[PDB]
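K.L.:
Before I ask anything, here is the structure I am working with.
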Amino acid sequence: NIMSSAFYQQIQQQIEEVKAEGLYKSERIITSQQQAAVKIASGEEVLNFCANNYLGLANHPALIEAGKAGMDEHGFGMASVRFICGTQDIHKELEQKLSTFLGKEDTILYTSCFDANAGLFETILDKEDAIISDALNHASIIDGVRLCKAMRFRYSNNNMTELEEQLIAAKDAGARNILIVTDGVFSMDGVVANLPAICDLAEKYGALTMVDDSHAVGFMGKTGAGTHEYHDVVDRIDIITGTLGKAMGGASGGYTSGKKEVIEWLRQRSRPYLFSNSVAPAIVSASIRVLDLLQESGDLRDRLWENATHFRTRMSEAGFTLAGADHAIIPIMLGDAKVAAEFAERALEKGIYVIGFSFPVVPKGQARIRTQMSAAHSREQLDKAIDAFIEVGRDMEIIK
Amino acid sequence: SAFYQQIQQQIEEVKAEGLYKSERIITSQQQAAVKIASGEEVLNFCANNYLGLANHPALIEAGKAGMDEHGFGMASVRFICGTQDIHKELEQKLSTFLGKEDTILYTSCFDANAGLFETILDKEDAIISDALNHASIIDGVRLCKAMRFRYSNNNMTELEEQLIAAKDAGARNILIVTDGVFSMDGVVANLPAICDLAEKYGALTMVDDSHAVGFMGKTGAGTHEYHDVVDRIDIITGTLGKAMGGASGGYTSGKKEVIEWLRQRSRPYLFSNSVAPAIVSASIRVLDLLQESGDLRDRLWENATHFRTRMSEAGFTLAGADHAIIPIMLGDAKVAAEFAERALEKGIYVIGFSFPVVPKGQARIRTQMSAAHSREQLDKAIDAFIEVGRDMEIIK
């Protein structure tokens, strides 16, 4: 164990360095269900303002009942990849309902959106082709691109001038197919990508468009279809990826959605789909339930946006600087990494659970609390959180 | 457009090669007797449902209770607000079951493998792989900047050669990576020989035990238990989606330093949803159930032994040893395809594999044994296989 001990010592020193930078990630143990007021292992009840539980569906009674029913009817697991003996009728039903929900022809299910992105680019593009990425894209997009042999281009976040430049450079380089790839929502900023301008440029230069809409599906756009609906470009986004693990229920599951040809080819060749278990029947059944629950009413979306508007009003009037527009992610900009860490700790002492981010996750000097709104927050819970944030900021001499 | 035309032509080319994958629509639970959309009921001999847990009432009850106590989803990655007490409980129980210090959960073993190598190894290091390793291992290695060496399947001579080559190239850390079971052959990896070579050359060892956890070794802990090298395998990955229940979920298990570093840096763990509480709760139950009774494992190995006896005695050639995967070796791809078609006509659902999945001239039916098969069901399937083999003039 002299070589193995050298290896473990190396890792332990890396861990110690992470702790020294103030960047060590600790897990808070929740003993309750995911919801607005969670219980943690200390015994305290705290208001959760850092979940992707945007419509409060993670503990919604309709989903729990549909998950149980799905287990009674379709069992606990498939124990197979889809093409061997892992496909049930409900997998196809879910894929059809997602396709219509999103305004696309077909949908392919994965056990995560991480895998949907990882399994996309290498399957549809090769060295003859080009991928043009927004510089701020999500890590699963980055890793999918890394498996792909296509030429890679990057444009600065949300910068349509650099996107046009890179489209020209891609044309000049001889690209057969060109794919522009963007997150639909930049999740550290709460900024929705500029889909109209991207679609104009793709149409001008003959490029395909792909949007990862994980942080938008369920509540962006009138019917909650996503940012392509929000920006009225539904038929101009060629490929959409997304997750069931955020607003759409919160368990797990991801998908790719698009033209029948692309989806059929992914079923034939996408490696995560070929080599990983089919999605669990309880999750498939609950997600079918979700899509119906979301077409029944726009009530949950309405509560989400009322909360978001109220939060911006009260927090900005108290003197906080808030990032982004038109999304449930509303970061409190604090600049200094130690200040952000202290703010989160003081918020916890007042019963509010938030998470802070700093470099390298966000730029140096632009540290922030990534507050996330949720339809699960009652107006009183939301006002209690805002009250606590104001008290913390006054205690810390950040606001007057 | 040109792109959609190109894609459609690739599809057509695949259909023309006879390589197109079709999905059979199952309308029942996963079990020995499944119903397909045609309305037929068929005996399923191609699932990874090795202990019949995929529809076991205890898992369904534990999953429902897990939803009542811990909800439907976490809607968060683990480090933000995705960690429940039951996630930590499952990791501790897996750790004790596998004989390792700590365990980190992923939503699939596909992601556990993808999230492993680049997190612990870089260009100064080397990875030495068995040539037959699973695709998620290959894809995890592709994200890793370490030097790559490959040895032919199960070949300890080429492994020693590649260890020497890795030493010669100046490798700082060296990781030998193998599937625990080569899943087209039903062959258990030669862990004793690997560990000897790793000790001799100063290498770490990693085993993907996805096709073994739950039923290999005395407690079902895996191939490291089967080969009595539990403390000599440094890193173990595995899945909950095969013998351990069949829903989804994967994990990496090993020394506390490595697992902690994975929690800090493994990209699928940082950027993908925490595992759904129903699956965590059911898996906690599975780990108790499998130590409470060895009946399911016993039924599995009884079926396996009976299948090998009746099928060898009828004249079939069968691959592997000591595993639930018992391939019928048929050599010729058209013969294997016809065999699967004829078996289906008699109510048995099997899958055949041929090149590029297995070598040319070594096409096979990948029959998978299961505790879910009753003795009567297994005998009906064996009867059908023998009738098919006689109809096809493969056996007398």
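FYI, nothing fancy with the structure tokens labels: chains A, B, ... in order, residues from 1 per chain, ligands from 1 as they appear.
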Would you give me, as a ChimeraX atom specification, the residues in stretch 180-215 of chain A that DSSP reads as alpha helix (DSSP H)?
P.N.:
/A:195-205
K.L.:
Take the residues just selected and output them with C-alpha atoms as a compact mmCIF listing (two decimals), in the first residue's frame.
P.N.:
# COMPACT_ATOMS: atom_id res chain seq x y z
CA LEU A 195 -33.24 32.88 -28.84
CA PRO A 196 -34.71 35.35 -31.42
CA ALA A 197 -31.25 36.67 -32.33
CA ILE A 198 -29.73 33.18 -32.35
CA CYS A 199 -32.46 31.89 -34.65
CA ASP A 200 -32.00 34.86 -37.02
CA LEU A 201 -28.28 34.10 -37.21
CA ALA A 202 -28.80 30.36 -37.68
CA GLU A 203 -31.26 31.01 -40.49
CA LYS A 204 -28.86 33.51 -42.07
CA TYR A 205 -25.86 31.14 -41.98
K.L.:
Can you work out which one of A:305, A:121, A:320, A:265 has the shortest atom-to-atom distance to residue A:143, counting only C-alpha atoms?
P.N.:
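Closest residue, counting only C-alpha atoms: A:121.
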K.L.:
List the spatial neighbours of residue A:117 as a PyMOL selection string - criterion: any atom at most 9 Å away, only C-alpha atoms, same-chain residues fewer than 3 positions off excluded.
P.N.:
chain A and resi 112-114+120-121+140-145+212+241-242+254-256
K.L.:
Quick check, in Å to one decimal: how far apart do atom CA of residue A:372 and atom CA of residue A:330 lie?
P.N.:
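These two atoms are separated by 6.1 Å.
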K.L.:
Go through stretch 216-379 of chain A and collect every residue that DSSP, computed from the backbone, puts in strand (DSSP E or B); the answer should be as a ChimeraX atom specification.
P.N.:
/A:239-243,254-258,322,329-335,352-353,356-357,367-372
K.L.:
For the residues in that selection, give me C-alpha atoms as a short mmCIF file (atom, residue, chain, number, x, y, z; two decimals), in the first residue's frame.
P.N.:
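To be explicit, this is the file written out as result24.cif:
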data_model
loop_
_atom_site.label_atom_id
_atom_site.label_comp_id
_atom_site.auth_asym_id
_atom_site.auth_seq_id
_atom_site.Cartn_x
_atom_site.Cartn_y
_atom_site.Cartn_z
CA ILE A 239 -33.27 20.17 -30.90
CA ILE A 240 -34.30 20.59 -27.26
CA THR A 241 -32.89 18.77 -24.27
CA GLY A 242 -34.34 18.91 -20.81
CA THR A 243 -34.85 17.26 -17.47
CA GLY A 254 -33.96 13.67 -19.02
CA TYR A 255 -34.79 13.74 -22.68
CA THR A 256 -33.91 14.93 -26.12
CA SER A 257 -36.73 16.20 -28.33
CA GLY A 258 -36.83 17.03 -32.02
CA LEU A 322 -30.37 41.38 -7.99
CA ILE A 329 -33.49 32.21 -10.33
CA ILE A 330 -32.94 35.64 -8.73
CA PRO A 331 -29.37 35.97 -7.47
CA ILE A 332 -28.50 38.36 -4.66
CA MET A 333 -25.22 39.93 -5.87
CA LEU A 334 -22.71 40.25 -2.99
CA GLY A 335 -19.35 40.38 -4.83
CA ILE A 352 -33.57 30.22 5.66
CA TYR A 353 -31.56 27.73 3.57
CA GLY A 356 -23.66 30.98 -2.19
CA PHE A 357 -21.38 30.72 -5.23
CA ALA A 367 -20.10 36.22 -5.75
CA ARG A 368 -23.79 35.76 -5.13
CA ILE A 369 -26.57 33.97 -3.30
CA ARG A 370 -28.52 31.94 -5.87
CA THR A 371 -32.03 32.39 -4.49
CA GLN A 372 -34.61 30.28 -6.34
#
K.L.:
Using Å and a single decimal, report how far atom CA of residue B:211 sits from atom CA of residue B:151.
P.N.:
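Separation of atom CA of residue B:151 and atom CA of residue B:211: 20.9 Å.
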K.L.:
I'd like to know which of B:40, B:179, B:168, B:61 is closest to chain A, using only C-alpha atoms.
P.N.:
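Of B:40, B:179, B:168, B:61, the one nearest chain A, counting only C-alpha atoms, is B:61.
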K.L.:
Quick one: residues within 9 Å of stretch 328-345 of chain B, only C-alpha atoms counted, chain neighbours fewer than 5 positions away excluded, as a PDB file with N, CA and C atoms, in the first residue's frame?
P.N.:
ATOM      1  N   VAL B  42     -44.925 -13.969 -23.134  1.00  0.00           N
ATOM      2  CA  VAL B  42     -43.694 -14.668 -23.476  1.00  0.00           C
ATOM      3  C   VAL B  42     -42.873 -14.800 -22.211  1.00  0.00           C
ATOM      4  N   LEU B  43     -42.032 -15.826 -22.163  1.00  0.00           N
ATOM      5  CA  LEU B  43     -41.080 -15.970 -21.067  1.00  0.00           C
ATOM      6  C   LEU B  43     -39.846 -15.140 -21.397  1.00  0.00           C
ATOM      7  N   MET B 311     -29.082 -28.240 -21.277  1.00  0.00           N
ATOM      8  CA  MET B 311     -28.684 -27.705 -22.582  1.00  0.00           C
ATOM      9  C   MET B 311     -27.398 -28.340 -23.099  1.00  0.00           C
ATOM     10  N   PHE B 316     -26.019 -28.489 -27.034  1.00  0.00           N
ATOM     11  CA  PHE B 316     -25.670 -27.080 -27.204  1.00  0.00           C
ATOM     12  C   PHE B 316     -24.275 -26.750 -26.663  1.00  0.00           C
ATOM     13  N   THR B 317     -23.622 -25.788 -27.309  1.00  0.00           N
ATOM     14  CA  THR B 317     -22.385 -25.215 -26.790  1.00  0.00           C
ATOM     15  C   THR B 317     -22.720 -23.945 -26.001  1.00  0.00           C
ATOM     16  N   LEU B 318     -22.297 -23.892 -24.735  1.00  0.00           N
ATOM     17  CA  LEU B 318     -22.605 -22.787 -23.822  1.00  0.00           C
ATOM     18  C   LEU B 318     -21.334 -22.103 -23.350  1.00  0.00           C
ATOM     19  N   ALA B 319     -21.345 -20.770 -23.297  1.00  0.00           N
ATOM     20  CA  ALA B 319     -20.152 -20.057 -22.874  1.00  0.00           C
ATOM     21  C   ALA B 319     -20.141 -19.840 -21.349  1.00  0.00           C
ATOM     22  N   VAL B 350     -35.773 -14.122 -26.290  1.00  0.00           N
ATOM     23  CA  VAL B 350     -34.327 -14.064 -26.118  1.00  0.00           C
ATOM     24  C   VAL B 350     -33.783 -13.036 -27.098  1.00  0.00           C
ATOM     25  N   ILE B 351     -32.517 -12.678 -26.906  1.00  0.00           N
ATOM     26  CA  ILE B 351     -31.852 -11.756 -27.809  1.00  0.00           C
ATOM     27  C   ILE B 351     -30.550 -12.385 -28.295  1.00  0.00           C
ATOM     28  N   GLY B 352     -30.290 -12.273 -29.596  1.00  0.00           N
ATOM     29  CA  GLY B 352     -29.035 -12.725 -30.166  1.00  0.00           C
ATOM     30  C   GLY B 352     -28.095 -11.553 -30.394  1.00  0.00           C
ATOM     31  N   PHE B 353     -26.788 -11.836 -30.334  1.00  0.00           N
ATOM     32  CA  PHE B 353     -25.766 -10.839 -30.584  1.00  0.00           C
ATOM     33  C   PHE B 353     -24.751 -11.355 -31.589  1.00  0.00           C
ATOM     34  N   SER B 354     -24.298 -10.454 -32.446  1.00  0.00           N
ATOM     35  CA  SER B 354     -23.280 -10.802 -33.414  1.00  0.00           C
ATOM     36  C   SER B 354     -22.427  -9.565 -33.642  1.00  0.00           C
ATOM     37  N   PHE B 355     -21.468  -9.680 -34.557  1.00  0.00           N
ATOM     38  CA  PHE B 355     -20.532  -8.591 -34.791  1.00  0.00           C
ATOM     39  C   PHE B 355     -21.287  -7.316 -35.150  1.00  0.00           C
ATOM     40  N   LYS B 360     -16.845 -11.765 -34.963  1.00  0.00           N
ATOM     41  CA  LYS B 360     -17.325 -12.492 -36.138  1.00  0.00           C
ATOM     42  C   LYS B 360     -17.143 -13.991 -35.948  1.00  0.00           C
ATOM     43  N   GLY B 361     -18.152 -14.743 -36.338  1.00  0.00           N
ATOM     44  CA  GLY B 361     -18.075 -16.170 -36.180  1.00  0.00           C
ATOM     45  C   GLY B 361     -18.337 -16.646 -34.788  1.00  0.00           C
ATOM     46  N   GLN B 362     -18.716 -15.746 -33.867  1.00  0.00           N
ATOM     47  CA  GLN B 362     -18.996 -16.129 -32.491  1.00  0.00           C
ATOM     48  C   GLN B 362     -20.316 -15.529 -32.035  1.00  0.00           C
ATOM     49  N   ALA B 363     -21.289 -15.482 -32.946  1.00  0.00           N
ATOM     50  CA  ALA B 363     -22.635 -15.036 -32.634  1.00  0.00           C
ATOM     51  C   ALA B 363     -23.259 -15.947 -31.581  1.00  0.00           C
ATOM     52  N   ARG B 364     -24.228 -15.394 -30.839  1.00  0.00           N
ATOM     53  CA  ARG B 364     -24.714 -16.148 -29.694  1.00  0.00           C
ATOM     54  C   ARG B 364     -26.078 -15.619 -29.284  1.00  0.00           C
ATOM     55  N   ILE B 365     -26.807 -16.465 -28.560  1.00  0.00           N
ATOM     56  CA  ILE B 365     -27.994 -16.054 -27.828  1.00  0.00           C
ATOM     57  C   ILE B 365     -27.549 -15.746 -26.399  1.00  0.00           C
ATOM     58  N   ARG B 366     -27.769 -14.507 -25.932  1.00  0.00           N
ATOM     59  CA  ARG B 366     -27.342 -14.175 -24.565  1.00  0.00           C
ATOM     60  C   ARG B 366     -28.486 -14.483 -23.601  1.00  0.00           C
ATOM     61  N   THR B 367     -28.620 -15.765 -23.271  1.00  0.00           N
ATOM     62  CA  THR B 367     -29.611 -16.201 -22.296  1.00  0.00           C
ATOM     63  C   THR B 367     -29.166 -15.770 -20.905  1.00  0.00           C
ATOM     64  N   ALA B 381     -38.908 -23.265 -21.297  1.00  0.00           N
ATOM     65  CA  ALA B 381     -37.960 -22.556 -22.168  1.00  0.00           C
ATOM     66  C   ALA B 381     -36.902 -23.496 -22.729  1.00  0.00           C
ATOM     67  N   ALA B 384     -38.328 -25.568 -25.406  1.00  0.00           N
ATOM     68  CA  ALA B 384     -38.462 -24.805 -26.648  1.00  0.00           C
ATOM     69  C   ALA B 384     -37.121 -24.646 -27.344  1.00  0.00           C
ATOM     70  N   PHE B 385     -36.064 -24.347 -26.578  1.00  0.00           N
ATOM     71  CA  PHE B 385     -34.737 -24.199 -27.177  1.00  0.00           C
ATOM     72  C   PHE B 385     -34.316 -25.473 -27.879  1.00  0.00           C
ATOM     73  N   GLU B 387     -36.304 -27.895 -29.064  1.00  0.00           N
ATOM     74  CA  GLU B 387     -37.102 -28.048 -30.273  1.00  0.00           C
ATOM     75  C   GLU B 387     -36.607 -27.136 -31.385  1.00  0.00           C
ATOM     76  N   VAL B 388     -36.268 -25.895 -31.054  1.00  0.00           N
ATOM     77  CA  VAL B 388     -35.765 -24.989 -32.069  1.00  0.00           C
ATOM     78  C   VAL B 388     -34.455 -25.526 -32.620  1.00  0.00           C
ATOM     79  N   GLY B 389     -33.580 -25.993 -31.732  1.00  0.00           N
ATOM     80  CA  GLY B 389     -32.274 -26.457 -32.171  1.00  0.00           C
ATOM     81  C   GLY B 389     -32.380 -27.681 -33.053  1.00  0.00           C
ATOM     82  N   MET B 392     -33.735 -26.573 -36.488  1.00  0.00           N
ATOM     83  CA  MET B 392     -32.697 -25.874 -37.237  1.00  0.00           C
ATOM     84  C   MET B 392     -31.511 -26.752 -37.575  1.00  0.00           C
ATOM     85  N   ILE B 394     -29.250 -27.862 -35.650  1.00  0.00           N
ATOM     86  CA  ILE B 394     -28.076 -27.528 -34.838  1.00  0.00           C
ATOM     87  C   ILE B 394     -27.727 -28.673 -33.893  1.00  0.00           C
TER      88      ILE B 394
END
K.L.:
Closest to residue B:282 among B:169, B:216, B:58, B:75, using only C-alpha atoms?
P.N.:
B:58
K.L.:
If you count only C-alpha atoms, which residues fall within 10 Å of residue B:276, apart from same-chain ones fewer than 6 positions away, as a PDB file with C-alpha atoms, in the first residue's frame?
P.N.:
ATOM      1  CA  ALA A  58     -41.261  17.364  -5.653  1.00  0.00           C
ATOM      2  CA  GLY A 245     -35.644  16.544 -12.306  1.00  0.00           C
ATOM      3  CA  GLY A 250     -37.815  16.607  -9.354  1.00  0.00           C
ATOM      4  CA  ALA A 251     -37.075  12.874  -9.297  1.00  0.00           C
ATOM      5  CA  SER A 252     -34.824  12.221 -12.289  1.00  0.00           C
ATOM      6  CA  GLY A 253     -35.056  11.653 -16.026  1.00  0.00           C
ATOM      7  CA  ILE A 283     -40.878   8.038 -12.496  1.00  0.00           C
TER       8      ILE A 283
ATOM      9  CA  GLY B  63     -40.692   2.452  -2.626  1.00  0.00           C
ATOM     10  CA  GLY B  66     -40.129   5.999   0.717  1.00  0.00           C
ATOM     11  CA  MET B  67     -42.362   8.330  -1.240  1.00  0.00           C
ATOM     12  CA  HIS B  70     -39.252  11.295   1.809  1.00  0.00           C
ATOM     13  CA  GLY B  71     -41.300  12.536  -1.183  1.00  0.00           C
ATOM     14  CA  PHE B  72     -41.192  12.061  -4.928  1.00  0.00           C
ATOM     15  CA  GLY B  73     -37.993  13.963  -5.923  1.00  0.00           C
ATOM     16  CA  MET B  74     -35.150  16.024  -4.486  1.00  0.00           C
ATOM     17  CA  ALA B  75     -35.119  18.599  -7.346  1.00  0.00           C
ATOM     18  CA  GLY B  82     -30.452  17.097  -2.519  1.00  0.00           C
ATOM     19  CA  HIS B  87     -29.079   8.883   0.845  1.00  0.00           C
ATOM     20  CA  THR B 107     -28.226   8.261 -10.917  1.00  0.00           C
ATOM     21  CA  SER B 248     -31.800   2.837 -11.789  1.00  0.00           C
ATOM     22  CA  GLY B 249     -28.948   4.247  -9.727  1.00  0.00           C
TER      23      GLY B 249
END
K.L.:
If we count only C-alpha atoms, what is near stretch 65-76 of chain A at a cut-off of 6 Å, once residues fewer than 6 positions away on the same chain are taken out, given as a PyMOL selection string?
P.N.:
(chain A and resi 281-282+285-286) or (chain B and resi 28-29+54-55+60+64)
K.L.:
Identify which of the residues B:195, B:286, B:258, B:247 lies closest to residue A:278, counting only C-alpha atoms when measuring atom-to-atom distances.
P.N.:
B:247
K.L.:
Point out the residue among A:161, A:137, A:34, A:13 with the least atom-to-atom distance to chain B, counting only C-alpha atoms.
P.N.:
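Smallest separation from chain B among the options: A:34.
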K.L.:
Tell me, as an NGL selection string, which residues lie within 10 Å of residue A:391, counting only C-alpha atoms; anything in the same chain fewer than 6 positions away does not count.
P.N.:
:A and (346-347 or 350 or 385 or 397 or 399-400)
K.L.:
Write a file of the just-selected residues containing N, CA and C atoms, as a PDB file, in the first residue's frame.
P.N.:
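What landed in out31.pdb:
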ATOM      1  N   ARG A 346     -25.619  33.280   8.181  1.00  0.00           N
ATOM      2  CA  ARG A 346     -26.538  34.092   8.968  1.00  0.00           C
ATOM      3  C   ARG A 346     -27.988  33.858   8.563  1.00  0.00           C
ATOM      4  N   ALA A 347     -28.243  33.664   7.270  1.00  0.00           N
ATOM      5  CA  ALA A 347     -29.587  33.321   6.834  1.00  0.00           C
ATOM      6  C   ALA A 347     -30.044  32.003   7.456  1.00  0.00           C
ATOM      7  N   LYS A 350     -31.352  32.346  10.835  1.00  0.00           N
ATOM      8  CA  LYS A 350     -32.712  32.886  10.829  1.00  0.00           C
ATOM      9  C   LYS A 350     -33.739  31.980  10.136  1.00  0.00           C
ATOM     10  N   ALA A 385     -38.815  34.966   4.507  1.00  0.00           N
ATOM     11  CA  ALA A 385     -37.468  34.880   3.924  1.00  0.00           C
ATOM     12  C   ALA A 385     -36.933  36.270   3.583  1.00  0.00           C
ATOM     13  N   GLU A 397     -24.087  45.027   7.621  1.00  0.00           N
ATOM     14  CA  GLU A 397     -23.800  46.357   7.086  1.00  0.00           C
ATOM     15  C   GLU A 397     -23.687  46.343   5.567  1.00  0.00           C
ATOM     16  N   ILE A 399     -26.759  46.539   3.659  1.00  0.00           N
ATOM     17  CA  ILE A 399     -27.829  47.468   3.321  1.00  0.00           C
ATOM     18  C   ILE A 399     -28.113  48.293   4.569  1.00  0.00           C
ATOM     19  N   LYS A 400     -28.807  49.407   4.375  1.00  0.00           N
ATOM     20  CA  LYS A 400     -29.034  50.328   5.499  1.00  0.00           C
ATOM     21  C   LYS A 400     -30.158  49.812   6.412  1.00  0.00           C
TER      22      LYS A 400
END
K.L.:
Have a look at A:164, A:45, A:296, A:89 and name the one nearest to chain B; count only C-alpha atoms.
P.N.:
A:89
K.L.:
Grab the atom CA of residue B:103 to atom CA of residue A:25 distance for me, in Å with one decimal place.
P.N.:
16.4 Å
